[PDB]
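Report on the structure
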Amino acid sequence: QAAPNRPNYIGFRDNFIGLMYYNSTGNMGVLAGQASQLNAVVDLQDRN
Amino acid sequence: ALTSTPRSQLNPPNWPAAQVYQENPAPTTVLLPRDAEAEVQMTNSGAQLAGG
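Summary of the structure given here. (Residues numbered from 1 in each chain as written, not as in the entry; some residues may be left out. Chains lettered and ligands numbered in written order. Part of a larger assembly, values for the part shown. Heavy atoms only, no water.)

**Thoughts on the overall build of chain A**
Keep this limit in mind: Numbered from the N terminus, helices here are DSSP runs of H or I no shorter than four residues, and strands are runs of E no shorter than two. In this scheme, a residue with accessible area under 20% of its type's maximum is buried, one over 50% is exposed, and one in between is partly exposed, where area comes from a 1.4 Å probe on protein chains only. Note on areas: Shrake-Rupley with a 1.4 Å probe; residue coverage comes only from the protein chains shown.
Per the secondary structure count, chain A includes zero helices and zero strands. The principal-axis extent of the C-alpha atoms belonging to chain A is close to 70 × 25 × 15 Å. Relative to its full complement of 48 residues, chain A shows a buried share of 6%. Counting every atom, chain A has about 4,900 Å² of accessible surface; 56% of that belongs to carbon and sulfur.

So this is what it looks like as structure tokens:
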């Protein structure tokens, strides 16, 4: 006999959830004036 | 006789500290960006100051 295969669609997460590194302190981003590179976006692991 | 400091010997071997061109620069006024007292108080309060 034989059958169909189960279907799996495989597409990118909603609002592209996870594509950018949010909530991960290691790979956090930055947004600072071109001088004084002091970060201005400091993320944590609790604010999800 | 109008551009040479009256010397006692041509090619004197140690020009003293007065007849040689000292360079005075204007005092370097720096704008200390921050007051540490207030920053420490705020960071103790729980804030997490971060930025330029």
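**Thoughts on unusual backbone geometry**
Positive phi outside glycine occurs at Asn23(A), with the angle close to 70 degrees. For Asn11(B), which is not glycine, the phi torsion reads 60 degrees and is therefore positive. Within the fold, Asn11(B) resides in the segment before α1 (36-45).

**A closer look at the layout of surface pockets**
Residues and elements named next belong to chain A. Going by this rule: Within this scheme a cavity is a closed region of a 1 Å grid, computed over the protein atoms alone, that accommodates a 1.4 Å probe without allowing it to escape, whereas a pocket is open but has protein on both sides within 12 Å along at least five of seven lines; lining residues each have an atom within 4 Å of a point. Grid points are joined across faces, edges and corners, and a volume is the space filled by probe spheres set on the points. Each residue receives one of three labels: charged for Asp, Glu, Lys and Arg, nonpolar for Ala, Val, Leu, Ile, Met, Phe, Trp, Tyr, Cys and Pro, and polar for the others, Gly being one of them.
In this structure, the largest pocket encloses a volume near 170 Å³. In terms of lining, the largest pocket is formed by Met20, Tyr21, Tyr22, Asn23, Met28, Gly29, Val41, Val42 and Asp43. Among the residues making up the lining of the largest pocket, the classes are represented as six nonpolar, two polar and one charged.

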